[PDB]
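Below: work-v6.cif (mmCIF, N, CA and C atoms and all ligand atoms)
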data_final
loop_
_atom_site.label_atom_id
_atom_site.label_comp_id
_atom_site.auth_asym_id
_atom_site.auth_seq_id
_atom_site.Cartn_x
_atom_site.Cartn_y
_atom_site.Cartn_z
N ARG C 15 13.59 4.05 -16.07
CA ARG C 15 14.13 3.32 -14.92
C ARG C 15 13.49 1.95 -14.79
N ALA C 16 14.31 0.93 -14.55
CA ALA C 16 13.81 -0.44 -14.51
C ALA C 16 13.18 -0.80 -13.17
N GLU C 17 13.70 -0.26 -12.07
CA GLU C 17 13.24 -0.68 -10.76
C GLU C 17 11.83 -0.16 -10.47
N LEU C 18 11.15 -0.85 -9.57
CA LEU C 18 9.84 -0.40 -9.11
C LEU C 18 9.97 0.97 -8.45
N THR C 19 9.10 1.90 -8.82
CA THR C 19 9.17 3.29 -8.37
C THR C 19 8.09 3.61 -7.34
N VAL C 20 8.26 4.74 -6.67
CA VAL C 20 7.28 5.14 -5.65
C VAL C 20 5.94 5.46 -6.30
N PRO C 21 5.89 6.18 -7.43
CA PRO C 21 4.59 6.34 -8.12
C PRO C 21 3.92 5.02 -8.48
N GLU C 22 4.69 4.03 -8.93
CA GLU C 22 4.10 2.73 -9.22
C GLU C 22 3.55 2.07 -7.96
N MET C 23 4.30 2.15 -6.86
CA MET C 23 3.90 1.51 -5.61
C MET C 23 2.63 2.17 -5.06
N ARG C 24 2.57 3.50 -5.16
CA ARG C 24 1.38 4.23 -4.74
C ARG C 24 0.16 3.80 -5.55
N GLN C 25 0.32 3.72 -6.88
CA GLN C 25 -0.78 3.29 -7.73
C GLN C 25 -1.21 1.87 -7.39
N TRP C 26 -0.24 0.98 -7.14
CA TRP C 26 -0.59 -0.39 -6.81
C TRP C 26 -1.41 -0.45 -5.53
N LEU C 27 -1.04 0.36 -4.54
CA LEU C 27 -1.79 0.39 -3.28
C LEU C 27 -3.18 0.98 -3.46
N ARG C 28 -3.30 2.07 -4.22
CA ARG C 28 -4.63 2.61 -4.49
C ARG C 28 -5.51 1.58 -5.18
N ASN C 29 -4.95 0.84 -6.14
CA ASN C 29 -5.74 -0.17 -6.85
C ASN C 29 -6.14 -1.29 -5.91
N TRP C 30 -5.21 -1.73 -5.06
CA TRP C 30 -5.50 -2.79 -4.11
C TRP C 30 -6.62 -2.37 -3.17
N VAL C 31 -6.47 -1.20 -2.54
CA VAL C 31 -7.48 -0.72 -1.60
C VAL C 31 -8.81 -0.49 -2.30
N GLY C 32 -8.79 0.16 -3.46
CA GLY C 32 -10.03 0.41 -4.19
C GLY C 32 -10.81 -0.87 -4.45
N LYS C 33 -10.10 -1.94 -4.84
CA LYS C 33 -10.80 -3.20 -5.08
C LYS C 33 -11.37 -3.77 -3.79
N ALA C 34 -10.61 -3.68 -2.70
CA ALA C 34 -11.04 -4.28 -1.44
C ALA C 34 -12.26 -3.57 -0.86
N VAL C 35 -12.38 -2.26 -1.05
CA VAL C 35 -13.47 -1.51 -0.44
C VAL C 35 -14.50 -1.06 -1.46
N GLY C 36 -14.34 -1.42 -2.73
CA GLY C 36 -15.37 -1.12 -3.71
C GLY C 36 -15.44 0.32 -4.14
N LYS C 37 -14.30 0.98 -4.30
CA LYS C 37 -14.23 2.37 -4.69
C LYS C 37 -13.21 2.54 -5.81
N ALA C 38 -13.40 3.59 -6.61
CA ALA C 38 -12.46 3.89 -7.68
C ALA C 38 -11.07 4.15 -7.09
N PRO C 39 -10.02 3.54 -7.63
CA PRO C 39 -8.67 3.80 -7.09
C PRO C 39 -8.29 5.26 -7.10
N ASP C 40 -8.74 6.04 -8.09
CA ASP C 40 -8.38 7.45 -8.15
C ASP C 40 -8.95 8.24 -6.98
N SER C 41 -9.96 7.71 -6.30
CA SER C 41 -10.58 8.39 -5.18
C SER C 41 -9.95 8.05 -3.83
N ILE C 42 -9.02 7.10 -3.79
CA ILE C 42 -8.43 6.65 -2.54
C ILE C 42 -7.44 7.70 -2.05
N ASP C 43 -7.65 8.21 -0.84
CA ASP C 43 -6.83 9.29 -0.31
C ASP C 43 -5.54 8.72 0.27
N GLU C 44 -4.40 9.18 -0.25
CA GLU C 44 -3.12 8.60 0.13
C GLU C 44 -2.54 9.17 1.41
N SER C 45 -3.16 10.18 2.01
CA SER C 45 -2.64 10.80 3.22
C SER C 45 -3.41 10.44 4.48
N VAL C 46 -4.50 9.68 4.37
CA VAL C 46 -5.25 9.28 5.55
C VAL C 46 -4.68 7.99 6.12
N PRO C 47 -4.90 7.72 7.40
CA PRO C 47 -4.40 6.46 7.98
C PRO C 47 -5.04 5.28 7.27
N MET C 48 -4.24 4.28 6.96
CA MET C 48 -4.76 3.13 6.23
C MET C 48 -5.79 2.36 7.07
N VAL C 49 -5.70 2.45 8.40
CA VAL C 49 -6.73 1.83 9.24
C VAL C 49 -8.08 2.51 9.12
N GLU C 50 -8.17 3.67 8.45
CA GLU C 50 -9.43 4.36 8.25
C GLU C 50 -9.98 4.20 6.83
N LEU C 51 -9.34 3.37 6.00
CA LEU C 51 -9.76 3.24 4.61
C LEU C 51 -10.89 2.24 4.41
N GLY C 52 -11.28 1.50 5.45
CA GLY C 52 -12.30 0.48 5.31
C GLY C 52 -11.78 -0.92 5.10
N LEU C 53 -10.47 -1.14 5.24
CA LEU C 53 -9.88 -2.46 5.13
C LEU C 53 -10.15 -3.27 6.39
N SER C 54 -10.26 -4.58 6.21
CA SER C 54 -10.41 -5.52 7.31
C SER C 54 -9.05 -6.10 7.69
N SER C 55 -9.01 -6.79 8.83
CA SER C 55 -7.77 -7.47 9.19
C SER C 55 -7.44 -8.57 8.18
N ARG C 56 -8.46 -9.24 7.64
CA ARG C 56 -8.20 -10.21 6.58
C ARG C 56 -7.58 -9.53 5.36
N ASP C 57 -8.06 -8.33 5.03
CA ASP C 57 -7.44 -7.56 3.95
C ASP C 57 -5.98 -7.29 4.24
N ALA C 58 -5.65 -6.92 5.48
CA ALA C 58 -4.26 -6.62 5.80
C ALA C 58 -3.37 -7.82 5.55
N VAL C 59 -3.84 -9.01 5.92
CA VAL C 59 -3.06 -10.23 5.67
C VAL C 59 -2.87 -10.44 4.18
N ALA C 60 -3.95 -10.31 3.41
CA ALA C 60 -3.87 -10.53 1.97
C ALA C 60 -2.99 -9.48 1.30
N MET C 61 -3.09 -8.23 1.73
CA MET C 61 -2.31 -7.18 1.08
C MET C 61 -0.83 -7.32 1.43
N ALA C 62 -0.55 -7.77 2.65
CA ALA C 62 0.84 -8.02 3.02
C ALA C 62 1.42 -9.15 2.17
N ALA C 63 0.63 -10.20 1.93
CA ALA C 63 1.09 -11.29 1.09
C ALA C 63 1.33 -10.82 -0.34
N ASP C 64 0.44 -9.96 -0.85
CA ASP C 64 0.57 -9.49 -2.22
C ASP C 64 1.76 -8.55 -2.36
N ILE C 65 2.02 -7.73 -1.34
CA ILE C 65 3.20 -6.86 -1.36
C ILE C 65 4.46 -7.70 -1.37
N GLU C 66 4.49 -8.77 -0.58
CA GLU C 66 5.65 -9.66 -0.58
C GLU C 66 5.86 -10.29 -1.95
N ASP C 67 4.77 -10.69 -2.62
CA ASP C 67 4.90 -11.25 -3.97
C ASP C 67 5.41 -10.21 -4.97
N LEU C 68 4.99 -8.96 -4.81
CA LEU C 68 5.36 -7.90 -5.74
C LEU C 68 6.80 -7.44 -5.54
N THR C 69 7.22 -7.32 -4.28
CA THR C 69 8.46 -6.63 -3.96
C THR C 69 9.52 -7.51 -3.32
N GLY C 70 9.15 -8.69 -2.84
CA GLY C 70 10.05 -9.53 -2.08
C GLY C 70 10.25 -9.07 -0.65
N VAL C 71 9.53 -8.04 -0.21
CA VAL C 71 9.62 -7.48 1.13
C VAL C 71 8.51 -8.05 2.01
N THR C 72 8.90 -8.58 3.17
CA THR C 72 7.95 -8.96 4.21
C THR C 72 7.81 -7.76 5.15
N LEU C 73 6.68 -7.06 5.08
CA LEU C 73 6.52 -5.85 5.88
C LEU C 73 6.34 -6.20 7.35
N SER C 74 7.11 -5.54 8.22
CA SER C 74 6.94 -5.69 9.66
C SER C 74 5.79 -4.81 10.16
N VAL C 75 5.20 -5.22 11.29
CA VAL C 75 4.22 -4.36 11.96
C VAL C 75 4.83 -3.00 12.22
N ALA C 76 6.07 -2.99 12.70
CA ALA C 76 6.70 -1.72 13.06
C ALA C 76 6.77 -0.78 11.86
N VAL C 77 7.30 -1.27 10.74
CA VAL C 77 7.43 -0.40 9.57
C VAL C 77 6.06 0.08 9.13
N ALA C 78 5.10 -0.84 9.05
CA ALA C 78 3.81 -0.48 8.48
C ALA C 78 3.12 0.58 9.33
N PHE C 79 3.08 0.40 10.64
CA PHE C 79 2.34 1.37 11.44
C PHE C 79 3.13 2.63 11.72
N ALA C 80 4.44 2.62 11.47
CA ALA C 80 5.23 3.84 11.50
C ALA C 80 5.13 4.61 10.19
N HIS C 81 4.58 4.00 9.15
CA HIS C 81 4.34 4.65 7.86
C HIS C 81 2.90 4.37 7.47
N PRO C 82 1.95 4.94 8.21
CA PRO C 82 0.58 4.41 8.20
C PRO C 82 -0.33 5.02 7.16
N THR C 83 0.23 5.60 6.10
CA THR C 83 -0.55 6.18 5.02
C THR C 83 -0.04 5.58 3.71
N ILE C 84 -0.89 5.56 2.68
CA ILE C 84 -0.45 4.95 1.43
C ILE C 84 0.83 5.62 0.93
N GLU C 85 0.88 6.95 0.97
CA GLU C 85 2.05 7.60 0.39
C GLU C 85 3.30 7.34 1.21
N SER C 86 3.19 7.31 2.55
CA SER C 86 4.40 7.07 3.34
C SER C 86 4.82 5.60 3.28
N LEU C 87 3.85 4.68 3.26
CA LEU C 87 4.18 3.27 3.14
C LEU C 87 4.86 2.99 1.81
N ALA C 88 4.30 3.53 0.72
CA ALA C 88 4.89 3.32 -0.59
C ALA C 88 6.32 3.83 -0.64
N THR C 89 6.55 5.02 -0.09
CA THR C 89 7.89 5.60 -0.11
C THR C 89 8.87 4.73 0.66
N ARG C 90 8.44 4.17 1.80
CA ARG C 90 9.32 3.37 2.62
C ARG C 90 9.58 1.99 2.01
N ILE C 91 8.59 1.40 1.32
CA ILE C 91 8.81 0.10 0.69
C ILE C 91 9.90 0.20 -0.36
N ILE C 92 9.85 1.27 -1.15
CA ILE C 92 10.79 1.45 -2.26
C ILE C 92 12.11 1.99 -1.76
N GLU C 93 12.04 2.99 -0.89
CA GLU C 93 13.19 3.71 -0.37
C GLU C 93 13.58 3.12 0.97
CA CA S 1 -13.91 -6.25 0.54
CA CA S 2 -5.44 13.80 1.62
CA CA S 3 4.10 -15.59 -1.75
#
Can you turn what I pasted into structure tokens?
Amino acid sequence: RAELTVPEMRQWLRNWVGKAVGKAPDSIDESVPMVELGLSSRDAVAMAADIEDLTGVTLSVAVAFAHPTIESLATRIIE
């Protein structure tokens, strides 16, 4: 499949968060609230910009906090 997939989006988010908080991406828990992962508000701005560059989607506050886990956010960005 050519289009960006949910597994790819999940991996991209784990890698992004892992780099921001200094942890292995494989250890990033995809079911916990993203506000509990150790990200800063500056991180949120940067990650939103990077998601827009990757997907062309400008994430709204509403969508993001209604899908507040890596796995639910990834699913909603793609789907
Ligand atoms: Ca950091
Ligand atoms: Ca979990
Ligand atoms: Ca841009």
Quiz item: Can you tell me which residues sit at most 12 Å away from ligand CA 1 (chain S), counting only C-alpha atoms and all ligand atoms, written as a ChimeraX atom specification?
Solution: /C:30-37,51-58,60-61
Please put the answer as JSON: centre and edge lengths, in Å with one decimal, of a box along x, y and z that encloses all listed atoms of stretch 37-49 of chain C plus 6 Å on each side.
{"center_x": -8.4, "center_y": 5.9, "center_z": 0.5, "size_x": 23.8, "size_y": 21.8, "size_z": 29.4}
Practice problem: Using all atoms listed in the file, find each protein or nucleic acid residue lying at most 6 Å from ligand CA 2 (chain S); present the set as a ChimeraX atom specification. | Solution: /C:43-46
Wanna dump the chain C-ligand CA 3 (chain S) contacts at 6 Å for me, each residue with its shortest atom pair and the distance in Å to one decimal, counting all atoms listed in the file, ordered by chain and number, as a Markdown table?
| residue | atom | partner | partner_atom | distance |
| --- | --- | --- | --- | --- |
| C:63 | C | S:CA3 | CA | 5.7 |
| C:66 | C | S:CA3 | CA | 5.6 |
| C:67 | CA | S:CA3 | CA | 4.9 |
Exercise. For stretch 86-89 of chain C, please output as number ranges by chain all residues within 10 Å (counting only C-alpha atoms; exclusion window: fewer than 2 positions along the same chain).
Key: C: 19-27, 44-45, 47-48, 73, 77-84, 91-93
Quiz prompt | Residues flagged alpha helix (DSSP H) by DSSP in chain C, as a count of residues only | solution = 46
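Of note, atom N of residue C:71 and atom N of residue C:17 are spaced 14.8 Å apart.
Straight-line separation from atom CA of residue C:76 to atom C of residue C:50: 18.8 Å.
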Exercise. Rounded to one decimal place, report the atom N of residue C:70-atom N of residue C:90 distance in Å.
Key: 13.7 Å
